[PDB]
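Enquirer: This one is an experimental structure. Sequence first:
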Amino acid sequence: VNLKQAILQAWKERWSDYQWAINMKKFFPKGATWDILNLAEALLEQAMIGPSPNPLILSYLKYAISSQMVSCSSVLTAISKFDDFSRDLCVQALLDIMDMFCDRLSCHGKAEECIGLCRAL
Amino acid sequence: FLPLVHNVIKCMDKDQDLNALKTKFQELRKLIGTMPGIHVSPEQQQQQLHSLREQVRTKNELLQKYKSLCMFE
Amino acid sequence: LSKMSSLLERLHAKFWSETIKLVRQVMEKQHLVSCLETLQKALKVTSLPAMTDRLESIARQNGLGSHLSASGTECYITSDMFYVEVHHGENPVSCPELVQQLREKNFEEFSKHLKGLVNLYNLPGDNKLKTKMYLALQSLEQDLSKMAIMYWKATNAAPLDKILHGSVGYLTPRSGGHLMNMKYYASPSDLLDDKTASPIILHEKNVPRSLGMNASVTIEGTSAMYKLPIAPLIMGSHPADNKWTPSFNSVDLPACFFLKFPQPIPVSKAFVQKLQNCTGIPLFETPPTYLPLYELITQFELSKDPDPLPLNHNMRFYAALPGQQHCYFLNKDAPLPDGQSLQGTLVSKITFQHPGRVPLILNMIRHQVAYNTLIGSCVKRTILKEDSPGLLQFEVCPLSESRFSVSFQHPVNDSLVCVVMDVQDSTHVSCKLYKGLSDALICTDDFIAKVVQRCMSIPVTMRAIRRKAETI
Amino acid sequence: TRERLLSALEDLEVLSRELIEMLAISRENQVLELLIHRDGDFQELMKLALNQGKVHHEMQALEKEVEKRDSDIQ
């Protein structure tokens, strides 16, 4: 549960958002379970956002898509019922992030889980 | 004094014996100031006036107390 | 360093009883250097011939042919400057507009407005436009004021929705020492007490530019040769409430409506688009300063109280709150859906035109200024950092034009709290919001929205939401 | 006082006259100081007159009190 207030406090101050990774690794056991990573923030941070793109925080997602768990991000942005919300603005940012995401290629999962990644696709 | 003569000169030379009358008025003012008597600053004068007021108050209090204690026959 | 050369050696070399021969024997012989002779009003008491002599001296220095029958009374040779306090142009006027202001002890509004209006009536015209066109424009710039006064009198409901807000009508007499007036500002905040209008004497259903804040509009120009009327025509009473501006006729009037914009409030492209379709081209021909509009405008507005010490806020707006401290941001340098940053209009170009299709040219500007004020309210003089408690920073995100929004992690719930604050009307802003299917109920009803609207302050509204909606 | 105040007033008048003569024969801070000194000299003269009146009144009161005290003492 601490992860939500943690990323809140992260946003609460104007961090460099790349040094943010240091605080993230510190606040967590650094390898306990990355299934509670940035994957869910994109949802919850946008939850109260609604009719707003919520900028200055997507930078975290940008600095994360370099090397993170792309599978969880993929499945959660797929299951995200955002077009139902019909904001017509946030969906644009979703297109932008998916551009940098899928244009070149996906990444390896070093296990059969990567196959499920394809499923999310 | 200063402003009167200044305004007179300004209104006269903007485009007879004014200086003589000004000097006469200044000499009269100096004579009146010296005739007053108070040469030193008014600080010591006010100090002496306060001392005299205190002395007068003491004298009035003594004269009042003198008419109170009347126990003779 | 010393003053021993004033009364010690000057009186002996001032070249007595026989030393007054300097009026006929030694007489064989200023603007800002020798003010001794110029400042005659200071060496002596303010009298009638003193100022009359100073004005004549200044006129002879600058150059102005003028005289009178004798010394003691002299008018001003102009279009309508002829006025005695306490026909070659206009008629003999004896209104109080030039006698009331200088009744008993006026000594300020006598050498500024006159010289200003004199310098205003200057152009390349030689006896064809310096006097003819100037007087023509001065006469024409009265029908609009008369119509505004008639409309204000007709709008006999309240001097809050028609005088200040809604439309124009907070005007004053436009003659000589006073130009046209209007309630450009829309200050919804009162003084250090209740908003008691009519301070001691003010009751004329006019509301001049003295009680609070109001602009000063005039009609002058030098190269604005625009097609418009040359005389005041529309002055008759309308059928029921009001009427339009019927002209005719129309000539190349070489003037404009350059008002006196006090603060360079930033405007939107919509204002320039509307102005470029009212009298030909826009009201300004220069490089548009497309810098951060809200950022610079907030600083410009708050620069009144600021002292010579530098601010260096850098998008920091820490301030107080109903019972604690808090913070705030401005969402600056954030490219909205508009693409580029908000265009800035921090200038004093208030050169309007004749009263054509301008029924809402002020309402949009009023809403823009109100949004700017609501934004800058958070940062006026509050400087308090390292606040461990509270510090509820929020960023006003103006995504759409004149549509702001502020999201903050309200302590009421364990998540963020966003609220749409859009300026729908000129004084009735939109304070609705869109919640989510899975979110805590820290969002109040329309009651808190109306309370925030009545407050019209960002930090006050934030504190209210944090206190009224929480209630725990 | 009276003597020093009158002397200061005369000096200020001489200085102002010399300055006006120089300004008239030739073509901010000193004038302000001169006016302040003149106002101070006038206030001092008024205070000196008031103090002389009060001193005369106090002298009459002291003479009356001394006469009463001498009668009581006798």
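Expert: All right, it came through fine. Numbering: from 1, shown residues only, chains lettered A, B, ... in the order given.
Enquirer: tell me the secondary structure for residue 16?
Expert: This is for chain A. Recorded secondary structure, residue A:16: coil (DSSP: H, G, I helix; E, B strand; the rest coil).
Enquirer: wrong one, chain B
Expert: From three-state DSSP, the assignment for residue B:16 is coil.
Enquirer: hang on, it packs against residue C:23?
Expert: Yes. Contact criterion Cβ atoms under 8 Å: residue B:16 and residue C:23 qualify, at 6.4 Å. (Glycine included, C-beta is placed from N, CA and C.)
Enquirer: which SSE is the residue in chain D that chain C sits nearest to in?
Expert: Closest to chain C within chain D is residue D:11: 3.7 Å, counting by Cβ to the nearest Cβ. Assigned by DSSP states H and E, residue D:11 belongs to helix D:3-26.
Enquirer: In chain D, which helix is the longest?
Expert: Identified as the longest helix of chain D according to DSSP state H is helix D:30-73.
Enquirer: That one close to chain B?
Expert: Yes. Under the criterion of Cβ under 8 Å from any Cβ of the partner chain, chain B is reached by helix D:30-73 at D:34-35, D:38, D:44-45, D:47-48, D:51-52, D:54-55, D:58-59, D:61-62, D:65, D:68-69, D:72.
Enquirer: immediately after the helix ranked longest in chain A, which helix or strand?
Expert: When chain A is scanned for its longest helix (criterion: DSSP H), the result is helix A:90-102. The first helix or strand that comes after helix A:90-102 along the chain, using DSSP H and E, is helix A:113-120.
Enquirer: Could you measure from the residue in chain C positioned nearest to chain B over to residue D:10?
Expert: As assessed by Cβ to the nearest Cβ, chain B sits closest to residue C:20 within chain C, at 3.7 Å. Using Cβ to Cβ, to the nearest Å, we find residue C:20 at a distance of 17 Å from residue D:10.
Enquirer: residues contacting residue 8?
Expert: By default, I'm working from chain A. By Cβ atoms under 8 Å, 6 or more residues apart in numbering or on different chains, the contact set of residue A:8 is C:409, C:415-416.
Enquirer: Chain D, not that one
Expert: Residue D:8 touches D:37, D:40-41, D:44, counting by Cβ under 8 Å, 6+ apart.
Enquirer: tally of neighbours for the closest residue to residue C:416 other than its chain neighbours?
Expert: Leaving aside its sequence neighbours, residue C:416 sits nearest to residue A:48 (Cβ to Cβ, 6 or more residues apart in numbering or on different chains; 4.5 Å). Residues near residue A:48, counting by other Cβ atoms under 10 Å in any protein chain shown, number 27.
Enquirer: surely residue A:48 meets residue C:412?
Expert: No. The pair residue A:48 and residue C:412 does not pass the contact test of Cβ under 8 Å, sitting 12.0 Å apart.
Enquirer: contacting residues around residue C:240?
Expert: Residues in contact with residue C:240 (Cβ under 8 Å, 6+ apart): none are found.
Enquirer: For residue A:94, the count of nearby residues, please.
Expert: By other Cβ under 10 Å, neighbour count at residue A:94 equals 20.
Enquirer: my guess is it contacts residue A:83, does it?
Expert: No. Shown here, residue A:94 and residue A:83 do not form a contact pair, counting by Cβ under 8 Å, at 9.0 Å.
Enquirer: one step back: element containing the closest residue to the residue of chain C closest to chain B other than its chain neighbours?
Expert: Closest residue in space to residue C:20, ignoring its immediate chain neighbours: residue B:19 at 3.7 Å, by Cβ to Cβ, 6+ apart. Residue B:19 belongs to helix B:18-34 when assigned by DSSP H and E.
Enquirer: Mind giving me the packing neighbours of that helix?
Expert: Packing partners of helix B:18-34 (3 or more Cβ pairs under 8 Å, 6 or more residues apart in numbering or on different chains; DSSP states H and E): helix B:2-12, helix D:3-26.
Enquirer: what comes into contact with the first one?
Expert: Contacts made with helix B:2-12 from outside it, assessed by Cβ under 8 Å, 6+ apart, are listed as B:18, B:22, C:36-37, C:40, C:43-44, C:53, D:9, D:12-13, D:15-17, D:20-21, D:24, D:34-35, D:38.
Enquirer: hmm, try it at 10 Å
Expert: For helix B:2-12, the surrounding residues in contact (Cβ atoms under 10 Å, 6 or more residues apart in numbering or on different chains) are B:18-19, B:21-23, B:25-26, C:23, C:36-40, C:42-45, C:49-50, C:53, D:9-17, D:19-21, D:23-24, D:31, D:34-35, D:37-38, D:41.
Enquirer: Buried residues, it. List them.
Expert: Under the neighbour-count criterion of 16 or more other Cβ atoms under 10 Å in any protein chain shown, helix B:2-12 has B:2-3, B:5-7, B:9-10 buried.
Enquirer: if you skip the residues just before and after it, what's nearest to the residue nearest the centre of chain D?
Expert: Most central in chain D under Cα atoms, centre = their mean is residue D:45, positioned 2.4 Å from the mean C-alpha point. Distances taken as Cβ to Cβ, 6+ apart put residue D:5 closest to residue D:45, at 5.3 Å, once the chain neighbours are dropped.
Enquirer: Based on its surroundings, how many neighbours for the one you found?
Expert: Neighbours around residue D:5, by other Cβ under 10 Å: 23.
Enquirer: For chain A, see how far away it is.
Expert: Per Cβ to the nearest Cβ, to the nearest Å, residue D:5 is found 68 Å from chain A.
Enquirer: ok, that residue - contacts?
Expert: B:33, B:36, B:38, B:41-42, D:40-48.
Enquirer: Comparing residue B:16 and residue C:23, which shows the higher neighbour count?
Expert: residue C:23 (13 against 9).
Enquirer: Surely that one is within a helix?
Expert: No. Under the criterion used here (three-state DSSP), residue C:23 is coil, not part of a helix.
Enquirer: Burial check on the residue nearest to residue A:117 when sequence neighbours are not counted, number of neighbours?
Expert: With Cβ to Cβ, 6+ apart as the criterion, residue A:117 has its nearest non-adjacent residue at 4.2 Å, and that residue is residue A:71. Using other Cβ under 10 Å, residue A:71 is surrounded by 21 other residues.
Enquirer: what about the residue nearest to residue C:20, neighbour count?
Expert: When neighbours are counted by other Cβ under 10 Å, residue B:19 comes out with 21.
Enquirer: May I have the phi/psi pair for residue C:226?
Expert: phi -110, psi 150 (degrees, to the nearest 10).
Enquirer: wait, I meant residue C:288
Expert: phi -70, psi 120.
Enquirer: Tell me who's in contact with it.
Expert: Listed by Cβ under 10 Å, 6+ apart, the contact set of residue C:288 reads C:269, C:272, C:282, C:343-345, C:347.
Enquirer: Quick check: it vs residue C:273, distance?
Expert: 12 Å.
Enquirer: Which neighbours do those two have in common?
Expert: Counting by Cβ under 10 Å, 6+ apart, the residues touching both residue C:288 and residue C:273 are residue C:282.
Enquirer: do you know how far whatever residue of chain B ends up closest to chain C is from chain A?
Expert: Ranked by Cβ to the nearest Cβ, the top residue of chain B for proximity to chain C is residue B:19, at 3.7 Å. Per Cβ to the nearest Cβ, residue B:19 is found 77 Å from chain A.
Enquirer: same check, this time on residue C:56
Expert: Between residue C:56 and chain A the computed distance is 65 Å (Cβ to the nearest Cβ).
Enquirer: before we move on, what about residue C:248?
Expert: According to Cβ to the nearest Cβ, residue C:248 and chain A sit 50 Å apart.
Enquirer: Next: residue C:375.
Expert: For residue C:375 relative to chain A (Cβ to the nearest Cβ), the value is 17 Å.
Enquirer: Please state the offset of whichever strand or helix holds that residue from the chain centre?
Expert: Secondary structure from DSSP H and E places residue C:375 in helix C:361-376. Centroid separation for helix C:361-376 versus its chain: 14 Å, with Cα atoms, centre = their mean, to the nearest Å.
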